[PDB]
Amino acid sequence: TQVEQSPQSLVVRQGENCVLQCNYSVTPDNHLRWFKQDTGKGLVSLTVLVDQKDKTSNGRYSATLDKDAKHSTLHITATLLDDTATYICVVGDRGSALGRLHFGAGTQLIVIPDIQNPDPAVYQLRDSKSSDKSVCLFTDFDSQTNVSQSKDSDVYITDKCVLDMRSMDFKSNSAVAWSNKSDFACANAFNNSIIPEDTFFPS
Amino acid sequence: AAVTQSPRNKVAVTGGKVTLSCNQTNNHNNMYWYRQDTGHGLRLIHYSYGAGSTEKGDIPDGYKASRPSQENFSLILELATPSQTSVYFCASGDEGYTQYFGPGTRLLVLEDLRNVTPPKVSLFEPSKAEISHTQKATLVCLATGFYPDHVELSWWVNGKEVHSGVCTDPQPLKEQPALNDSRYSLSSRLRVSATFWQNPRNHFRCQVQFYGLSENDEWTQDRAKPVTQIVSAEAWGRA
Amino acid sequence: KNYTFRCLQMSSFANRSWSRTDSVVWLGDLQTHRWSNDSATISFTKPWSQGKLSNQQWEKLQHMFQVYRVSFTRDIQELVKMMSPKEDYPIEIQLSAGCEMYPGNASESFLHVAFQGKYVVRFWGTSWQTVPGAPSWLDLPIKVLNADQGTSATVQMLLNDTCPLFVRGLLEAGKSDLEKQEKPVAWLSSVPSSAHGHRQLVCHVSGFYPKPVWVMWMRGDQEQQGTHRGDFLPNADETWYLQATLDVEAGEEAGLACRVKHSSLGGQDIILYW
Amino acid sequence: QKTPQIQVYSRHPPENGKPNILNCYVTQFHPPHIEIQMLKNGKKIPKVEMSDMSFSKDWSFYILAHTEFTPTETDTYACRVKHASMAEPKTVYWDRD
Ligand SMILES: CCCCCCCC/C=C\CCCCCCCC(=O)OC[C@H](CO[C@H]1O[C@H](CO)[C@H](O)[C@H](O)[C@H]1O)OC(=O)CCCCCCCCCCCCCCC
Ligand SMILES: *[C@@H]1O[C@H](CO[C@@H]2O[C@@H](C)[C@@H](O)[C@@H](O)[C@@H]2O)[C@@H](O[C@@H]2O[C@H](CO)[C@@H](O)[C@H](O)[C@H]2NC(C)=O)[C@H](O)[C@H]1NC(C)=O
Ligand SMILES: *[C@@H]1O[C@H](CO)[C@@H](O[C@@H]2O[C@H](CO)[C@@H](O)[C@H](O)[C@H]2NC(C)=O)[C@H](O)[C@H]1NC(C)=O
Ligand SMILES: *[C@@H]1O[C@H](CO)[C@@H](O)[C@H](O)[C@H]1NC(C)=O
């Protein structure tokens with residue numbers, strides 16, 4: 001509309017820096033605000049810029065405003081996994097409630113987690129109610145590995161997902177596969193992705 | 001200084017009446033309704049400068065607004081259409097330029113409700129091989145067979161919610177991609193240290209809040225009415 | 001030696017769509033600028049209308065007002081919304097801003113607002129405030145406007161810095177239109193009074209500049225006390241008009257003269273005998 | 001809402017047969033929306049010019065209409081004014097005196 005953001009989306013590795021642009025044609029431009037929205041969640045205000053050539057800081061986030069150029073940037077130092085969000089540029093056209101907010105369509109950012117100690121393995125877990133129904137868990141692989149989809153109509157395979165065990169300072173990837181089909185075993189599941197040859201398969 | 005919305009999540013039928021509520025105790029004069037759609041910023045629908053006042057914003061068609069009080073601001077859809085499927089944000093604010101935003105309301109309108117089904121929730125217990133190998137224990141939760149894909153999944157440990165060590169699929173997968181009314185499945189993981197799982201006093205529960213029909217929706221089918229409900233599975237740690 | 005500079009804004013709001021804003025600018029009683037609603041830019045109405053401002057400064061200034069005009073429009077429309085059903089269309093808003101000069105390096109600025117023809121709000125020091133007699137509902141509008149720090153900063157600059165600095169330029173650029181002398185031309189006429197036996201004598205005086213003028217009916221050395229002098233009326237060529245009337249007995253018109261005094265005559269009065 | 005005052009007067013001394021300028025000064029009215037016409041024998045004159053509208057210290061509006069004219073014996077000149085405050089348009093005729 002009157003606020004353009006760029007890039008539309010980007011993928012960075014944990015710990016790397018990145019910079020997000022915002023360009024607008026809103027008149028007048030009283031202030032510009034940057035918002036973080038996690039997938040699902042609501043809008044968390046990061047910082048607001050007000051002056052003709054303003055600069056703002058907030059933890060690992062810093063920002064600039066050039067009202068002449070009608071241009072703002074948002075820097076993130078040393079990205080963490082929780083920076084995975086959509087970042088939204090908002091320009092307000094009054095210094096009061098008489099104003100309207102002008103919303104950018106946001107910038108999607110994905111952060112690739114650093115896996116320190118890969119211990120790739122496939123485990124079988126049994127259902128607590130019916131102990132002959134089970135899932136397979138492919139876990140502890142590093143982010144170089146991508147999980148491919150079901151080579152079948154009756155087998156189900158989720159995409160990879162990271163969990164952070166905050167206190168142990170430990171993060172891990174994992175995917176789940178399951179099926180009802182007669183001849184389904186965990187050695188079979190994931191016989192589809194490029195599994196790291198050194199993956200643990202307990203008998 | 002914050003704003004609440006109800007409900008969080010709503011499944012309606014085309015031609016239904018739908019009321020999305022917003023509530024703030026900041027004593028702010030001014031409340032605003034927005035909607036968010038991918039490829040778009042937030043867009044203003046209606047807003048208010050006080051009890052008694054409602055005012056058209058940029059995209060008011062299909063919506064009425066209501067401000068019965070300082071506290072409450074409603075958005076009403078007298079005749080719902082699929083094109084109103086969206087996430088809806090309410091906000092409030094004083095004379096200043098800051099607007100304080102609600103947590104949001106995910107709304108889905110549908111051609112009919114005949115397919116709506118709550119999930120079946122199962123919990124899978126961590127493997128011995130895992131435990132011995134890594135000294136960590138992963139629980140896995142499966143919600144399966146539900147429709148539409150409006151579920152909130154959470155983990156609870158001893159009746160307190162946990163977030164650390166948790167991850168839930170970003171989206172649900174379809175049980176049957178060949179059909180448009182396909183059911184969904186979703187999975188999630190919680191990883192705990194072996195010692196934690198090996199304590200027979202720790203109670204683990206996997207909870208799925210399902211959004212479906214209500215008490216005023218008519219249901220003609222034989223099966224149990226698929227109402228908004230919770231479904232969960234449980235396990236205790238074992239030595 | 002004491003000139004006032006007035007930016008006068010007129011805004012009308014018929015309903016929720018219709019609106020217009022025109023303003024005119026005066027220095028004393030000479031018009032320096034015009035800005036019709038129908039015009040994107042401000043029009044000069046004197047060769048010296050820019051005073052001693054440079055183009056870059058004028059362009060910049062004219063730019064911020066352009067933005068103001070549009071902004072001001074949306075703002076009022078929005079205040080109405082905040083206050084209704086309390087207050088509603090049609091609405092008239094008038095602004096008088098500017099400053100007055102004193103023969104030191106001295107000056108005072110003002111910026112007054114009327115609403116429906118009544119003076120209600122002024123900018124004073126660092127904020128808008130209501131004046132004595134104003135209705136209390138205006139407090140919300142004021143609370144709001146005052147929340148806008150950027151606007152107050154801009155308005156302070158205009159009143160404290162820009163305006164005087166501007167005007168002092170104008171006063172130098174504009175002497176000799178300001179200090180111009182135009183000679184009056186006078187003529188006599190007579191009309192019946194509403195009294196059943198009387199005659200009203202009229203001494204028309206037109207074409208003079210500056211404004212200060214003395215007109216009196218005389219019978220020799222005698223100033224006729226019953227002279228009623230009319231309101232000063234403008235001419236299109238930026239001179240003034242005024243007449244003075246005297247009630248007289250029918251047949252007592254004998255030997256009366258209208259006497260005119262003005263800076264332009266160099267002290268040879270106009271005396272017109274009947 | 002306030003009722004207009006209308007004054008009509010020539011720029012120069014009137015003489016039959018001499019081009020002159022006829023002024024119509026309209027003051028003291030509110031709202032500022034107003035309609036003014038200058039009449040030659042009760043007919044709209046085309047070459048009528050308006051000053052910009054303005055207001056006085058007391059917030060009341062005024063505007064100066066003027067047109068080129070040459071006065072004669074038989075001819076009549078007036079200023080007709082329509083305004084929300086009026087029940088009916090007000091017409092004031094020029095008169096030398
Ligand atoms: C030198 C030659 C001049 C010729 C031009 C003639 C016209 C001049 C006439 C008047 C002069 C006044 C000067 C104002 C300058 C303001 C500058 C400015 O940027 O402001 C723009 C602002 C835009 O404001 C925005 O941008 C700014 C920079 O542009 C700042 O960043 C601000 O923080 C931001 O809010 O618009 C306003 O908010 C002006 C407020 C309107 C004034 C009304 C006050 C009257 C209240 C009456 C109450 C009744 C309400 C009715 C209730 C139903
Ligand atoms: C500008 O000057 C004002 C005071 O001057 C008066 O207000 C102007 C807008 C104009 O109307 C003048 O003719 C008046 O003489 C300053 O306001 C003062 O600010 C100080 C500290 O900031 C405060 O303590 C005083 O109380 C204020 N004065 C009043 C009368 O309220 C203002 O600070 C000046 N602004 C700038 C940017 O120079
Ligand atoms: C006074 O000027 C404003 C601004 O130029 C006019 O508003 C415009 O109206 C036209 C036609 O209705 C629109 O197409 C423009 O987009 C409007 N511009 C803005 C900025 O709103 C307004 O019409 C004028 N008022 C009068 C009475 O003539
Ligand atoms: C708004 O105001 C104008 C000007 O008086 C009027 O002629 C017009 O009909 C009005 N329009 C509406 C939609 O009220």
# chains A, B, ... in the order shown; residues from 1 in each chain; ligands from 1
call {"tool": "residues_around", "arguments": {"residues": "residue 196 in chain B", "least_positions_apart": "2", "cutoff": "12 Å", "atoms": "only C-alpha atoms", "output": "NGL selection string"}}
result
:B and (126 or 131 or 135-139 or 157-158 or 190-194 or 198-204 or 236-239)
call {"tool": "write_last_selection", "arguments": {"atoms": "N, CA and C atoms", "output": "short mmCIF file (atom, residue, chain, number, x, y, z; two decimals), in the first residue's frame"}}
result
data_model
loop_
_atom_site.label_atom_id
_atom_site.label_comp_id
_atom_site.auth_asym_id
_atom_site.auth_seq_id
_atom_site.Cartn_x
_atom_site.Cartn_y
_atom_site.Cartn_z
N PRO B 126 8.11 -42.61 26.10
CA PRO B 126 9.50 -42.54 25.71
C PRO B 126 10.12 -43.92 25.67
N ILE B 131 16.31 -43.49 26.43
CA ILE B 131 16.75 -43.22 27.79
C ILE B 131 18.18 -43.69 28.02
N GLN B 135 20.24 -40.28 27.88
CA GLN B 135 19.84 -39.83 29.22
C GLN B 135 18.72 -38.81 29.18
N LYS B 136 18.04 -38.74 28.03
CA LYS B 136 16.86 -37.90 27.86
C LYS B 136 15.68 -38.76 27.41
N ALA B 137 14.47 -38.26 27.63
CA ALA B 137 13.24 -39.01 27.36
C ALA B 137 12.22 -38.16 26.63
N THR B 138 11.84 -38.59 25.43
CA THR B 138 10.89 -37.83 24.64
C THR B 138 9.48 -38.42 24.67
N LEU B 139 8.49 -37.60 25.01
CA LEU B 139 7.10 -38.01 24.91
C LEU B 139 6.57 -37.48 23.59
N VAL B 157 2.38 -30.64 32.96
CA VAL B 157 3.14 -31.46 33.86
C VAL B 157 2.74 -31.08 35.27
N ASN B 158 2.28 -32.08 36.03
CA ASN B 158 1.68 -31.90 37.35
C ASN B 158 0.64 -30.76 37.42
N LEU B 190 7.53 -33.48 23.73
CA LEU B 190 8.06 -32.92 24.96
C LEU B 190 9.22 -33.80 25.39
N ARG B 191 10.38 -33.18 25.59
CA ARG B 191 11.56 -33.93 26.01
C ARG B 191 11.95 -33.57 27.42
N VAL B 192 12.15 -34.59 28.25
CA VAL B 192 12.52 -34.36 29.62
C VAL B 192 13.72 -35.22 29.88
N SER B 193 14.45 -34.90 30.94
CA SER B 193 15.58 -35.72 31.35
C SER B 193 15.06 -37.05 31.87
N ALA B 194 15.85 -38.10 31.66
CA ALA B 194 15.51 -39.43 32.13
C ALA B 194 14.99 -39.39 33.56
N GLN B 198 11.51 -40.89 35.04
CA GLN B 198 11.61 -42.09 35.84
C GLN B 198 11.05 -41.90 37.23
N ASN B 199 10.52 -40.71 37.50
CA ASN B 199 9.83 -40.46 38.77
C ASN B 199 8.34 -40.73 38.62
N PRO B 200 7.85 -41.81 39.26
CA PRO B 200 6.46 -42.26 39.18
C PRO B 200 5.47 -41.29 39.82
N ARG B 201 5.96 -40.16 40.34
CA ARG B 201 5.08 -39.12 40.89
C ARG B 201 4.78 -38.00 39.90
N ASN B 202 5.58 -37.87 38.85
CA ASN B 202 5.29 -36.89 37.81
C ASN B 202 4.18 -37.36 36.86
N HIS B 203 3.13 -36.55 36.74
CA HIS B 203 1.97 -36.83 35.89
C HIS B 203 2.07 -36.06 34.58
N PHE B 204 2.06 -36.76 33.46
CA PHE B 204 2.18 -36.09 32.16
C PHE B 204 0.87 -36.15 31.43
N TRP B 236 1.89 -41.53 33.56
CA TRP B 236 2.78 -41.25 34.68
C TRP B 236 4.17 -41.76 34.37
N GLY B 237 5.20 -41.03 34.79
CA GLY B 237 6.57 -41.53 34.69
C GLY B 237 6.71 -42.89 35.37
N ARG B 238 7.60 -43.74 34.86
CA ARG B 238 7.82 -45.04 35.49
C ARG B 238 9.29 -45.35 35.61
N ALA B 239 9.61 -46.08 36.67
CA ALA B 239 10.97 -46.50 36.98
C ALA B 239 11.35 -47.75 36.18
#
call {"tool": "select_by_dssp", "arguments": {"residues": "range 28-100 of chain C", "states": "strand (DSSP E or B)", "output": "ChimeraX atom specification"}}
result
/C:30-35,43-44,91-100
call {"tool": "residues_near_ligand", "arguments": {"ligand": "ligand 3", "cutoff": "7 Å", "atoms": "only C-alpha atoms and all ligand atoms", "output": "VMD selection string"}}
result
chain C and resid 18 to 21 37 to 38 70
call {"tool": "residues_near_ligand", "arguments": {"ligand": "ligand 1", "cutoff": "7 Å", "atoms": "only C-alpha atoms and all ligand atoms", "output": "PyMOL selection string"}}
result
(chain A and resi 28-30+93-96) or (chain C and resi 7-9+23-25+33+35+42+64-65+67-68+71-72+75-76+79-80+83+87-88+95-97+113+115+121+138+141-142+145+148-151+154-155)
call {"tool": "write_last_selection", "arguments": {"atoms": "C-alpha atoms", "output": "short mmCIF file (atom, residue, chain, number, x, y, z; two decimals), in the first residue's frame"}}
result
data_model
loop_
_atom_site.label_atom_id
_atom_site.label_comp_id
_atom_site.auth_asym_id
_atom_site.auth_seq_id
_atom_site.Cartn_x
_atom_site.Cartn_y
_atom_site.Cartn_z
CA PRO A 28 2.54 12.85 7.29
CA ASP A 29 4.85 10.40 9.00
CA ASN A 30 4.72 11.15 12.72
CA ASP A 93 0.45 9.62 10.60
CA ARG A 94 -0.38 11.64 13.71
CA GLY A 95 1.27 12.19 17.12
CA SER A 96 -2.15 11.54 18.69
CA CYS C 7 -2.85 34.76 8.60
CA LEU C 8 -6.59 34.25 8.45
CA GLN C 9 -7.91 30.74 7.80
CA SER C 23 -7.02 31.72 3.86
CA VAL C 24 -5.81 35.25 3.28
CA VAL C 25 -2.78 37.03 4.70
CA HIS C 33 -1.10 36.31 0.18
CA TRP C 35 -4.69 30.60 -0.78
CA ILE C 42 -0.15 29.83 -2.13
CA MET C 64 4.49 22.19 5.21
CA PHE C 65 1.29 24.28 4.95
CA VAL C 67 0.39 19.16 4.25
CA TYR C 68 -1.25 21.10 7.06
CA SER C 71 -4.17 17.29 7.77
CA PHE C 72 -6.31 19.90 9.38
CA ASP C 75 -8.49 16.17 11.96
CA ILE C 76 -11.66 18.25 12.41
CA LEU C 79 -12.95 15.37 16.28
CA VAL C 80 -16.57 15.78 15.24
CA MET C 83 -17.70 14.40 20.17
CA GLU C 87 -21.58 18.51 18.29
CA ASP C 88 -22.46 18.16 14.61
CA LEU C 95 -7.94 30.84 12.63
CA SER C 96 -6.05 34.03 13.14
CA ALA C 97 -2.32 33.58 13.57
CA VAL C 113 -9.30 29.74 17.12
CA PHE C 115 -15.67 27.73 16.48
CA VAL C 121 -9.02 28.15 21.80
CA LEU C 138 -13.55 21.24 24.24
CA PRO C 141 -10.21 17.93 21.72
CA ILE C 142 -7.52 19.94 23.56
CA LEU C 145 -4.15 17.95 20.27
CA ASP C 148 0.88 15.53 19.74
CA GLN C 149 4.35 16.72 20.73
CA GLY C 150 5.62 17.11 17.18
CA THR C 151 2.83 19.57 16.34
CA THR C 154 6.30 22.96 15.01
CA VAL C 155 3.80 25.56 16.19
#
call {"tool": "interface_residues", "arguments": {"of": "chain D", "to": "chain C", "cutoff": "7 Å", "atoms": "only C-alpha atoms", "output": "MDAnalysis selection string"}}
result
chainID D and resid 11:13 54 59 97
call {"tool": "write_last_selection", "arguments": {"atoms": "C-alpha atoms", "output": "compact mmCIF listing (two decimals), in the first residue's frame"}}
result
# COMPACT_ATOMS: atom_id res chain seq x y z
CA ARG D 11 -14.97 54.93 -6.26
CA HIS D 12 -15.02 58.43 -7.79
CA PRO D 13 -17.53 61.33 -7.83
CA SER D 54 -11.89 37.78 5.03
CA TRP D 59 -14.70 37.14 13.73
CA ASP D 97 -27.63 61.26 -2.95
call {"tool": "closest_residue", "arguments": {"among": "B:134, B:154, B:185, B:5", "to": "residue 118 in chain A", "atoms": "only C-alpha atoms"}}
result
B:134
call {"tool": "closest_atom_pairs", "arguments": {"of": "chain B", "to": "chain A", "cutoff": "7 Å", "atoms": "only C-alpha atoms", "output": "tab-separated table"}}
result
residue	atom	partner	partner_atom	distance
B:39	CA	A:105	CA	5.7
B:40	CA	A:105	CA	4.7
B:41	CA	A:105	CA	4.1
B:42	CA	A:103	CA	5.8
B:94	CA	A:97	CA	6.8
B:95	CA	A:97	CA	4.9
B:96	CA	A:96	CA	4.5
B:97	CA	A:96	CA	4.4
B:101	CA	A:43	CA	6.6
B:102	CA	A:42	CA	6.9
B:103	CA	A:42	CA	4.7
B:104	CA	A:42	CA	6.0
B:122	CA	A:127	CA	6.9
B:123	CA	A:127	CA	5.9
B:124	CA	A:127	CA	4.3
B:125	CA	A:125	CA	5.6
B:126	CA	A:125	CA	5.6
B:127	CA	A:125	CA	5.2
B:129	CA	A:202	CA	6.7
B:130	CA	A:123	CA	6.7
B:164	CA	A:165	CA	5.2
B:165	CA	A:165	CA	4.2
B:166	CA	A:163	CA	5.3
B:167	CA	A:163	CA	5.1
B:169	CA	A:161	CA	6.6
B:235	CA	A:128	CA	6.5
call {"tool": "write_last_selection", "arguments": {"atoms": "N, CA and C atoms", "output": "PDB file, in the first residue's frame"}}
result
ATOM      1  N   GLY B  39      -0.263 -11.569   2.919  1.00  0.00           N
ATOM      2  CA  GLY B  39       0.027 -10.648   1.812  1.00  0.00           C
ATOM      3  C   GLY B  39      -0.510  -9.249   2.068  1.00  0.00           C
ATOM      4  N   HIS B  40      -1.012  -9.009   3.284  1.00  0.00           N
ATOM      5  CA  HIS B  40      -1.653  -7.733   3.639  1.00  0.00           C
ATOM      6  C   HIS B  40      -1.231  -7.307   5.037  1.00  0.00           C
ATOM      7  N   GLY B  41      -1.092  -6.003   5.243  1.00  0.00           N
ATOM      8  CA  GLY B  41      -0.989  -5.492   6.595  1.00  0.00           C
ATOM      9  C   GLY B  41      -2.337  -5.654   7.281  1.00  0.00           C
ATOM     10  N   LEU B  42      -2.410  -5.278   8.554  1.00  0.00           N
ATOM     11  CA  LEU B  42      -3.695  -5.124   9.208  1.00  0.00           C
ATOM     12  C   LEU B  42      -4.507  -4.051   8.501  1.00  0.00           C
ATOM     13  N   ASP B  94      -5.503   5.496  24.433  1.00  0.00           N
ATOM     14  CA  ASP B  94      -5.955   6.797  24.950  1.00  0.00           C
ATOM     15  C   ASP B  94      -5.760   7.874  23.890  1.00  0.00           C
ATOM     16  N   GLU B  95      -5.410   9.086  24.316  1.00  0.00           N
ATOM     17  CA  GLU B  95      -5.287  10.203  23.396  1.00  0.00           C
ATOM     18  C   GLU B  95      -3.990  10.104  22.615  1.00  0.00           C
ATOM     19  N   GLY B  96      -3.102   9.246  23.082  1.00  0.00           N
ATOM     20  CA  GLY B  96      -1.776   9.131  22.524  1.00  0.00           C
ATOM     21  C   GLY B  96      -1.773   8.395  21.221  1.00  0.00           C
ATOM     22  N   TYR B  97      -0.613   8.218  20.641  1.00  0.00           N
ATOM     23  CA  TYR B  97      -0.576   7.515  19.394  1.00  0.00           C
ATOM     24  C   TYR B  97      -0.465   6.007  19.544  1.00  0.00           C
ATOM     25  N   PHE B 101      -2.715  -3.861  21.439  1.00  0.00           N
ATOM     26  CA  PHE B 101      -3.381  -4.901  20.664  1.00  0.00           C
ATOM     27  C   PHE B 101      -3.741  -6.154  21.461  1.00  0.00           C
ATOM     28  N   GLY B 102      -4.919  -6.706  21.169  1.00  0.00           N
ATOM     29  CA  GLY B 102      -5.361  -7.975  21.735  1.00  0.00           C
ATOM     30  C   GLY B 102      -4.572  -9.135  21.168  1.00  0.00           C
ATOM     31  N   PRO B 103      -4.703 -10.318  21.796  1.00  0.00           N
ATOM     32  CA  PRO B 103      -3.969 -11.521  21.378  1.00  0.00           C
ATOM     33  C   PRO B 103      -4.445 -12.079  20.032  1.00  0.00           C
ATOM     34  N   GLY B 104      -5.640 -11.685  19.591  1.00  0.00           N
ATOM     35  CA  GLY B 104      -6.160 -12.089  18.296  1.00  0.00           C
ATOM     36  C   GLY B 104      -7.173 -13.219  18.324  1.00  0.00           C
ATOM     37  N   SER B 122      -3.813 -39.370  21.511  1.00  0.00           N
ATOM     38  CA  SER B 122      -2.997 -40.451  22.056  1.00  0.00           C
ATOM     39  C   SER B 122      -1.658 -39.927  22.550  1.00  0.00           C
ATOM     40  N   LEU B 123      -1.129 -40.536  23.608  1.00  0.00           N
ATOM     41  CA  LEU B 123       0.192 -40.170  24.115  1.00  0.00           C
ATOM     42  C   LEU B 123       1.104 -41.372  24.023  1.00  0.00           C
ATOM     43  N   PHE B 124       2.288 -41.175  23.452  1.00  0.00           N
ATOM     44  CA  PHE B 124       3.252 -42.260  23.332  1.00  0.00           C
ATOM     45  C   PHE B 124       4.420 -42.077  24.286  1.00  0.00           C
ATOM     46  N   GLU B 125       4.788 -43.177  24.941  1.00  0.00           N
ATOM     47  CA  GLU B 125       5.736 -43.142  26.044  1.00  0.00           C
ATOM     48  C   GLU B 125       7.139 -43.351  25.529  1.00  0.00           C
ATOM     49  N   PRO B 126       8.108 -42.609  26.101  1.00  0.00           N
ATOM     50  CA  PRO B 126       9.505 -42.541  25.705  1.00  0.00           C
ATOM     51  C   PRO B 126      10.123 -43.917  25.667  1.00  0.00           C
ATOM     52  N   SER B 127      11.053 -44.138  24.739  1.00  0.00           N
ATOM     53  CA  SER B 127      11.659 -45.460  24.583  1.00  0.00           C
ATOM     54  C   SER B 127      12.788 -45.680  25.579  1.00  0.00           C
ATOM     55  N   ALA B 129      15.455 -47.370  24.873  1.00  0.00           N
ATOM     56  CA  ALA B 129      16.666 -47.236  24.070  1.00  0.00           C
ATOM     57  C   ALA B 129      17.125 -45.783  24.044  1.00  0.00           C
ATOM     58  N   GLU B 130      16.166 -44.873  23.872  1.00  0.00           N
ATOM     59  CA  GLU B 130      16.415 -43.441  24.005  1.00  0.00           C
ATOM     60  C   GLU B 130      17.038 -43.126  25.375  1.00  0.00           C
ATOM     61  N   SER B 164       9.214 -25.221  27.801  1.00  0.00           N
ATOM     62  CA  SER B 164      10.558 -25.727  27.616  1.00  0.00           C
ATOM     63  C   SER B 164      10.516 -27.194  27.160  1.00  0.00           C
ATOM     64  N   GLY B 165      11.446 -27.587  26.285  1.00  0.00           N
ATOM     65  CA  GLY B 165      11.476 -28.925  25.683  1.00  0.00           C
ATOM     66  C   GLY B 165      10.298 -29.317  24.799  1.00  0.00           C
ATOM     67  N   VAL B 166       9.476 -28.357  24.413  1.00  0.00           N
ATOM     68  CA  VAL B 166       8.288 -28.667  23.633  1.00  0.00           C
ATOM     69  C   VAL B 166       8.434 -28.213  22.199  1.00  0.00           C
ATOM     70  N   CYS B 167       7.945 -29.031  21.278  1.00  0.00           N
ATOM     71  CA  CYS B 167       7.696 -28.548  19.924  1.00  0.00           C
ATOM     72  C   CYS B 167       6.534 -29.239  19.200  1.00  0.00           C
ATOM     73  N   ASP B 169       4.197 -29.553  15.587  1.00  0.00           N
ATOM     74  CA  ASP B 169       4.251 -29.348  14.136  1.00  0.00           C
ATOM     75  C   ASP B 169       3.737 -27.963  13.800  1.00  0.00           C
ATOM     76  N   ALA B 235      -0.149 -39.917  31.097  1.00  0.00           N
ATOM     77  CA  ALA B 235       0.738 -41.001  31.510  1.00  0.00           C
ATOM     78  C   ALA B 235       1.473 -40.564  32.746  1.00  0.00           C
TER      79      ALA B 235
END
